[PDB]
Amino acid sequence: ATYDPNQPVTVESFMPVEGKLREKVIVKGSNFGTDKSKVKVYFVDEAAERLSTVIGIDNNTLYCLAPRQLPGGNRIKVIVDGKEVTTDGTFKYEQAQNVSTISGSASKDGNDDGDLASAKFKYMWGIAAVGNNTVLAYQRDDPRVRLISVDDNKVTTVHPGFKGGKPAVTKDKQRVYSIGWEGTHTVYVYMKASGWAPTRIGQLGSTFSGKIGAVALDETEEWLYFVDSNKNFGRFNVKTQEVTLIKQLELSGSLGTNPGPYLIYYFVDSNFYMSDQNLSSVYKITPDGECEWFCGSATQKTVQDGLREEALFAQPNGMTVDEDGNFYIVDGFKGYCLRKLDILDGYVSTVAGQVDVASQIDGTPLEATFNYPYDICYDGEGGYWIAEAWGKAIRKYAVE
């Protein structure tokens, strides 16, 4: 009937014993009460407790929807008013994965807007996932910023002429920031409230003499961080316009300029991580500009999976991170595949594409192929959006 504070919460059973994303799961027990706000249900895998949407409740029953979670047998955890129970049994989750082409083709070269099938692109090298199956994509050739909305079946251009690489997306996805590749490095913001139209918010100055291929927001999202191709690591304040050269990185050799090193912010340690084509490696950079090797070899450009410390890239390009702190790196020339660093395993695996096969096959990820995948951005909900260079296309790797 009614919740009793003096009694424990119990779970006796659940159903079904296996399922896929958004499976309707019923958990049977006692003392759940009748207030969903005081309940949390988790499907618990090896990496995390995955919060589940509870759709109905009574004192003996929870109706919830299976969330994205790791494949295999996962226990269910019920919390009611602090009281925690984890099941003896496991719910066997069946995960789905797919690579699909969103718009564009290597067989299409152009700037044509239109619908998803009618649009054309040129070489792209940056992408922002802004949720709701929508991305902003950045062309190198006939440089521009394209807006692709899958649910609206619509490709438009929001910023003709602008040449930028990897953008930064705010947590709330209401803003995307870009810095111009060359010149004075003009800083733009694209706002949802403007329909993703650009607003100029400043410039770095040609003091940052290198090309700029990426920008990353700090934890507070007050600062944009970047490393130019001449190793100038710096930041720019998006409210006050303050610009600071933090350090010229102590790295040997020449960084790339096509578009330049890719940089991301990593929430797990609040450091930045940088990839470069020429060094064919990823480096950890602290906010003060201290650099350390993280993955790959500057002398061995080849796809090799294994522990982080032995893994190799052919051409590590853009990167993104999932909610578990795993890294994703698109691997370009001689690779054409998606590399995942699973941080719990400390292990680099190739999860999509076929090594050194440049094409655009869709389907199950290990049968799928990519054509110079160059940047990637995670949407927070299992979607990995990929901008291709010579592929001239947007692809989506979806994990459900």
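The numbering used is simple: start at 1 and walk along the sequence shown.
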- line: For 234-242 versus 182-190, entry-based mean Cα B-factors point to 234-242
- request: Return whichever of 246-254 and 216-224 has the greater mean Cα B factor according to the PDB record.
  value: 246-254
- prompt: Between 71, 167, 161, 289, which carries the biggest CA temperature factor in the record?
  reply: 289
- prompt: Looking at 360, 31, 364, 52, which has the biggest Cα B factor in the entry?
  reply: 52
- request: Within this chain's modelled residues, let me know which third the CA B factor of residue 37 belongs to: lowest, middle or highest.
  value: highest
- request: Going by the recorded CA B-factors, say which third of the chain residue 125 sits in, lowest, middle or highest.
  value: middle
message: Please place residue 18 in the lowest, middle or highest third of its chain according to the CA B-factor in the PDB entry.
response: highest
query: What third of its chain's C-alpha B-factors does residue 283 belong to: lowest, middle or highest?
result: middle
statement: On the chain's distribution of Cα B-factors, residue 112 falls within the third called middle
